[PDB]
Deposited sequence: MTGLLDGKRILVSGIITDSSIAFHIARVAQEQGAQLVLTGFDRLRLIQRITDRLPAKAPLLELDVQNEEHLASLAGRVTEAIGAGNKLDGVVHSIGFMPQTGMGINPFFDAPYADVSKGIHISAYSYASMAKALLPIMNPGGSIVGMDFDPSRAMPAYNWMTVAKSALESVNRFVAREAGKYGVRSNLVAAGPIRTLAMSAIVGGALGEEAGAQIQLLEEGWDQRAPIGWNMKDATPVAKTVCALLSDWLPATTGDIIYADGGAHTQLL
């Protein structure tokens, strides 16, 4: 008797057992969801990781920059869940920005690197929704991972720009998803240890737990995974094109 009992949910973005998507997948399975997982590039390695989840789940290859992968995705998911069955949820937990656009001066990132980062981190949220909406049930839910990019910060540079673009994409995806009776939302998380940039990240994370009224544990992805599962559930049925902040309330406090 789980929060997601009988729901068929696709979860992308597992690379390690520290990945936010690994925790989202774990909590969803504990809550009765039947999963379909998608992995990028290191498929043999991802299968070794996903074996650590509480239940077996089919693993499909998905490189969001690969148009052929996107074109075959719905068909491959239908084969995995059975003809006549559709998805109730989709989790986008994919992000990438080359080291020139993260960590290196903001002005020194070449556009080919920024473009690749925006493709994977923002445009792919629209790509995945385009591919999967035709195989989603009414009352369904699409959830993506974000971080608050409303204010600039050290080091995250072009990845912050990519998140600003992702929040805008999310609002357009909601217009399309609504036609199917599906919601589209992002979860803006606090910093999670998933694996002078070092001094910047340290100062960011320190200021986090201090600014958060309920505190913030950077080593624990469970509160974020639970928030994603709340959006996948039937309990936020009138929320779409929106952002839910799972950050300990830090974005609501100046100091």
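Q: Comparing the deposited sequence against the modelled residues, what ranges come up empty for C-alpha?
A: According to the record, the gaps fall at 1, 105, 198-209.
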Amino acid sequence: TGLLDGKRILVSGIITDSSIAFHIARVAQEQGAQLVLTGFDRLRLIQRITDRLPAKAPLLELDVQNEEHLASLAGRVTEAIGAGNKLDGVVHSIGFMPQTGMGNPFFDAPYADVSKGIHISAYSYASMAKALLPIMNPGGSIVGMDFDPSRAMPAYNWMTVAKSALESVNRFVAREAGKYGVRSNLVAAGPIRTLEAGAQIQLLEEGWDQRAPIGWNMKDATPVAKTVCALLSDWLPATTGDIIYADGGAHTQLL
From here on, numbers count along this sequence of modelled residues.
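Q: If you average the Cα B factors in the entry, which is higher, 239-247 or 8-16?
A: Mean C-alpha B-factor is greater for 8-16.
Q: For the higher mean C-alpha B factor in the entry, choose 24-32 or 65-73.
A: Per the deposited B-factors, the answer is 65-73.
Q: Highest Cα B-factor in the deposition, which of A212, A188, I192, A199?
A: Answer, based on the entry's C-alpha B-factors: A199.
Q: Divide the modelled residues of the chain into thirds by Cα B-factor and specify which third, lowest, middle or highest, holds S115.
A: According to the entry, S115 has a C-alpha B-factor in the chain's middle third.
Q: Against its chain's modelled residues, does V91's Cα B factor rank lowest, middle or highest third?
A: Tercile = lowest for this residue's CA B-factor.
Q: Using the B-factors in the PDB entry, rank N217's C-alpha atom against the chain and give the third, lowest, middle or highest.
A: For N217, whose C-alpha B-factor we compare with every modelled residue in the chain, the answer is the middle third.
Q: Can you work out whether the C-alpha temperature factor of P149 puts it in the lowest, middle or highest third of the chain?
A: It belongs to the lowest third of the chain when residues are ordered by C-alpha B-factor.
Q: Which third, lowest, middle or highest, does the CA B-factor of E79 fall in along this chain?
A: Its C-alpha B-factor belongs to the highest third of this chain's values.
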